[PDB]
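Next comes target_18.pdb, with PDB, C-alpha atoms.
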ATOM      1  CA  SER A   1      98.468 114.684 129.470  1.00  0.00           C
ATOM      2  CA  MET A   2      99.056 118.403 129.946  1.00  0.00           C
ATOM      3  CA  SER A   3     102.564 118.957 131.403  1.00  0.00           C
ATOM      4  CA  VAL A   4     102.860 115.095 132.028  1.00  0.00           C
ATOM      5  CA  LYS A   5     105.109 113.351 129.479  1.00  0.00           C
ATOM      6  CA  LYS A   6     106.396 109.796 129.060  1.00  0.00           C
ATOM      7  CA  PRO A   7     110.236 109.696 128.674  1.00  0.00           C
ATOM      8  CA  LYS A   8     111.626 110.808 125.201  1.00  0.00           C
ATOM      9  CA  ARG A   9     112.373 107.708 122.886  1.00  0.00           C
ATOM     10  CA  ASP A  10     115.353 108.848 120.702  1.00  0.00           C
ATOM     11  CA  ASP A  11     113.985 109.214 117.138  1.00  0.00           C
ATOM     12  CA  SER A  12     116.923 111.169 115.649  1.00  0.00           C
ATOM     13  CA  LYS A  13     118.265 108.207 113.649  1.00  0.00           C
ATOM     14  CA  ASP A  14     114.851 106.996 112.399  1.00  0.00           C
ATOM     15  CA  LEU A  15     115.226 108.712 108.938  1.00  0.00           C
ATOM     16  CA  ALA A  16     118.606 107.114 108.326  1.00  0.00           C
ATOM     17  CA  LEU A  17     117.575 103.740 109.538  1.00  0.00           C
ATOM     18  CA  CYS A  18     114.279 103.710 107.411  1.00  0.00           C
ATOM     19  CA  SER A  19     116.473 104.749 104.399  1.00  0.00           C
ATOM     20  CA  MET A  20     118.794 101.731 105.076  1.00  0.00           C
ATOM     21  CA  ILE A  21     115.910  99.341 105.379  1.00  0.00           C
ATOM     22  CA  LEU A  22     114.392 100.697 102.129  1.00  0.00           C
ATOM     23  CA  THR A  23     117.789 100.251 100.367  1.00  0.00           C
ATOM     24  CA  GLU A  24     117.836  96.640 101.489  1.00  0.00           C
ATOM     25  CA  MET A  25     114.286  96.132 100.167  1.00  0.00           C
ATOM     26  CA  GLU A  26     115.175  97.899  96.856  1.00  0.00           C
ATOM     27  CA  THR A  27     118.147  95.544  96.316  1.00  0.00           C
ATOM     28  CA  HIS A  28     116.398  92.264  97.206  1.00  0.00           C
ATOM     29  CA  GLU A  29     116.084  89.990  94.197  1.00  0.00           C
ATOM     30  CA  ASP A  30     112.358  89.621  94.708  1.00  0.00           C
ATOM     31  CA  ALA A  31     111.724  93.432  94.752  1.00  0.00           C
ATOM     32  CA  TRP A  32     111.060  93.595  90.991  1.00  0.00           C
ATOM     33  CA  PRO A  33     107.233  93.665  91.192  1.00  0.00           C
ATOM     34  CA  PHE A  34     107.475  96.589  93.654  1.00  0.00           C
ATOM     35  CA  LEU A  35     110.151  98.917  92.339  1.00  0.00           C
ATOM     36  CA  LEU A  36     107.838 101.171  90.269  1.00  0.00           C
ATOM     37  CA  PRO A  37     104.196 102.113  90.233  1.00  0.00           C
ATOM     38  CA  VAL A  38     101.895  99.620  88.538  1.00  0.00           C
ATOM     39  CA  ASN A  39     101.049 101.031  85.112  1.00  0.00           C
ATOM     40  CA  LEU A  40      97.343 101.867  85.494  1.00  0.00           C
ATOM     41  CA  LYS A  41      96.871 102.141  81.711  1.00  0.00           C
ATOM     42  CA  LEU A  42      98.285  98.707  81.023  1.00  0.00           C
ATOM     43  CA  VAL A  43      97.036  96.548  83.893  1.00  0.00           C
ATOM     44  CA  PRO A  44      93.330  95.909  83.752  1.00  0.00           C
ATOM     45  CA  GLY A  45      91.472  96.031  86.986  1.00  0.00           C
ATOM     46  CA  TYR A  46      94.264  97.760  89.004  1.00  0.00           C
ATOM     47  CA  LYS A  47      92.976 101.245  89.027  1.00  0.00           C
ATOM     48  CA  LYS A  48      89.495 100.311  90.223  1.00  0.00           C
ATOM     49  CA  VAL A  49      90.392  97.594  92.651  1.00  0.00           C
ATOM     50  CA  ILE A  50      93.515  99.034  94.426  1.00  0.00           C
ATOM     51  CA  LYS A  51      92.341 102.179  96.062  1.00  0.00           C
ATOM     52  CA  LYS A  52      95.799 103.245  97.315  1.00  0.00           C
ATOM     53  CA  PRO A  53      98.641 102.121  94.988  1.00  0.00           C
ATOM     54  CA  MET A  54     102.088 102.160  96.564  1.00  0.00           C
ATOM     55  CA  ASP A  55     105.562 101.101  95.437  1.00  0.00           C
ATOM     56  CA  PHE A  56     109.184 101.408  96.618  1.00  0.00           C
ATOM     57  CA  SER A  57     110.027 104.336  94.307  1.00  0.00           C
ATOM     58  CA  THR A  58     107.117 106.334  95.669  1.00  0.00           C
ATOM     59  CA  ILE A  59     108.110 105.520  99.259  1.00  0.00           C
ATOM     60  CA  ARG A  60     111.710 106.535  98.454  1.00  0.00           C
ATOM     61  CA  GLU A  61     110.586 109.913  97.021  1.00  0.00           C
ATOM     62  CA  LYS A  62     108.275 110.474 100.073  1.00  0.00           C
ATOM     63  CA  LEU A  63     111.129 109.601 102.433  1.00  0.00           C
ATOM     64  CA  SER A  64     113.578 111.914 100.661  1.00  0.00           C
ATOM     65  CA  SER A  65     111.180 114.929 100.700  1.00  0.00           C
ATOM     66  CA  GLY A  66     109.922 114.855 104.366  1.00  0.00           C
ATOM     67  CA  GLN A  67     106.562 113.406 103.662  1.00  0.00           C
ATOM     68  CA  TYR A  68     106.746 110.804 106.520  1.00  0.00           C
ATOM     69  CA  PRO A  69     105.974 112.452 109.829  1.00  0.00           C
ATOM     70  CA  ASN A  70     107.265 109.445 111.789  1.00  0.00           C
ATOM     71  CA  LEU A  71     108.567 105.881 111.390  1.00  0.00           C
ATOM     72  CA  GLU A  72     105.004 104.386 111.720  1.00  0.00           C
ATOM     73  CA  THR A  73     103.671 106.225 108.663  1.00  0.00           C
ATOM     74  CA  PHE A  74     106.713 104.828 106.750  1.00  0.00           C
ATOM     75  CA  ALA A  75     105.906 101.224 107.893  1.00  0.00           C
ATOM     76  CA  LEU A  76     102.226 101.753 106.891  1.00  0.00           C
ATOM     77  CA  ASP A  77     103.244 102.516 103.256  1.00  0.00           C
ATOM     78  CA  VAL A  78     105.666  99.573 103.071  1.00  0.00           C
ATOM     79  CA  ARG A  79     102.877  97.201 104.372  1.00  0.00           C
ATOM     80  CA  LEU A  80     100.461  98.827 101.856  1.00  0.00           C
ATOM     81  CA  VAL A  81     102.745  97.603  99.076  1.00  0.00           C
ATOM     82  CA  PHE A  82     102.340  93.975 100.316  1.00  0.00           C
ATOM     83  CA  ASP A  83      98.678  94.246 101.158  1.00  0.00           C
ATOM     84  CA  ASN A  84      97.991  95.520  97.660  1.00  0.00           C
ATOM     85  CA  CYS A  85     100.016  92.663  96.206  1.00  0.00           C
ATOM     86  CA  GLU A  86      97.945  90.093  98.184  1.00  0.00           C
ATOM     87  CA  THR A  87      94.720  91.759  97.038  1.00  0.00           C
ATOM     88  CA  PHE A  88      95.591  91.465  93.369  1.00  0.00           C
ATOM     89  CA  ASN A  89      97.800  88.378  93.029  1.00  0.00           C
ATOM     90  CA  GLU A  90      97.277  84.684  93.754  1.00  0.00           C
ATOM     91  CA  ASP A  91      99.568  83.321  96.600  1.00  0.00           C
ATOM     92  CA  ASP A  92     100.805  80.681  94.074  1.00  0.00           C
ATOM     93  CA  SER A  93     102.099  83.148  91.405  1.00  0.00           C
ATOM     94  CA  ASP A  94     105.589  84.502  91.130  1.00  0.00           C
ATOM     95  CA  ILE A  95     104.417  87.997  92.189  1.00  0.00           C
ATOM     96  CA  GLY A  96     102.256  86.591  95.031  1.00  0.00           C
ATOM     97  CA  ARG A  97     105.236  84.646  96.396  1.00  0.00           C
ATOM     98  CA  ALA A  98     107.527  87.686  95.943  1.00  0.00           C
ATOM     99  CA  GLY A  99     105.178  89.695  98.092  1.00  0.00           C
ATOM    100  CA  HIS A 100     105.088  87.199 100.880  1.00  0.00           C
ATOM    101  CA  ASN A 101     108.877  86.907 100.858  1.00  0.00           C
ATOM    102  CA  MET A 102     109.375  90.703 100.904  1.00  0.00           C
ATOM    103  CA  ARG A 103     106.922  91.238 103.717  1.00  0.00           C
ATOM    104  CA  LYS A 104     108.757  88.621 105.764  1.00  0.00           C
ATOM    105  CA  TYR A 105     112.059  90.255 104.978  1.00  0.00           C
ATOM    106  CA  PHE A 106     110.770  93.703 105.879  1.00  0.00           C
ATOM    107  CA  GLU A 107     109.166  92.689 109.177  1.00  0.00           C
ATOM    108  CA  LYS A 108     112.364  91.083 110.417  1.00  0.00           C
ATOM    109  CA  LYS A 109     114.506  94.175 109.607  1.00  0.00           C
ATOM    110  CA  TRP A 110     111.817  96.313 111.251  1.00  0.00           C
ATOM    111  CA  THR A 111     111.844  94.271 114.518  1.00  0.00           C
ATOM    112  CA  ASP A 112     115.598  93.972 114.576  1.00  0.00           C
ATOM    113  CA  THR A 113     116.160  97.671 113.942  1.00  0.00           C
ATOM    114  CA  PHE A 114     113.490  99.270 116.191  1.00  0.00           C
ATOM    115  CA  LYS A 115     111.957  96.639 118.660  1.00  0.00           C
TER     116      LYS A 115
END
As structure tokens, the full file:
Amino acid sequence: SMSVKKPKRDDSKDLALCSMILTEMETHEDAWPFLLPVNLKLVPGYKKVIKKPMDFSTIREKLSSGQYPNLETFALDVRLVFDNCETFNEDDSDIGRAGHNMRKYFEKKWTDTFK
């Protein structure tokens, strides 16, 4: 509360470490559904159904331009990518499986890096 602060968790490396994680996600073989924004002109249903589209390129631009105020807002966008994928794709599809694998991959790096 006022003039009463918990000890300062060192956040000075968070930008670098989120950038490293994102590089690892970008280079995973199963990243291909997620690298670019879904083309809203060419994919029926996407625009109406997926209220907040997100992709790795968009997260990378946000990261590079100071649009994440902290590491939790970064993790929210990454998870959004996988949550969107589960909304739109059957679990037993190549893209559905890709999304599960990537989420697993991400959550491990996240825990190992920060928790």
(message) If we count all atoms listed in the file and set the cut-off at 10 Å, which residues sit around residue 22 in chain A, ignoring sequence neighbours fewer than 2 positions away in its own chain? Please answer as a ChimeraX atom specification.
(response) /A:16-20,24-28,56-57,59-60,63,74,78,106,109
(request) Spell out the residues picked by the PyMOL selection byres ((chain A and resi 77) around 10) here, as a list in words. (result)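 So the PyMOL selection byres ((chain A and resi 77) around 10) ends up selecting residues 52, 53, 54, 55, 56, 58, 59, 62, 68, 72, 73, 74, 75, 76, 78, 79, 80, 81, 82 and 83 of chain A.
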(request) Considering all atoms listed in the file, state which residue in the set A:112, A:2, A:70, A:86 is at the smallest distance from residue 15 in chain A. (result)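 Ranking A:112, A:2, A:70, A:86 by distance to residue 15 in chain A, first place goes to A:70.
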(request) Work out how far CA of residue 1 in chain A is from CA of residue 66 in chain A, in Å to one decimal. (result)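 That distance, rounded to one decimal, is 27.6 Å.
Coordinates place CA of residue 71 in chain A at a distance of 26.2 Å from CA of residue 97 in chain A.
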(message) For a test of reading the model, state the distance in Å between CA of residue 101 in chain A and CA of residue 30 in chain A, rounded to one decimal.
(response)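 CA of residue 30 in chain A lies at a distance of 7.6 Å from CA of residue 101 in chain A.
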(request) Quick one: apply the PyMOL selection byres ((chain A and resi 87-90) around 12) to the file and drop the selected residues here as an NGL selection string. (result) :A and (33 or 38 or 43-53 or 80-86 or 91-100)
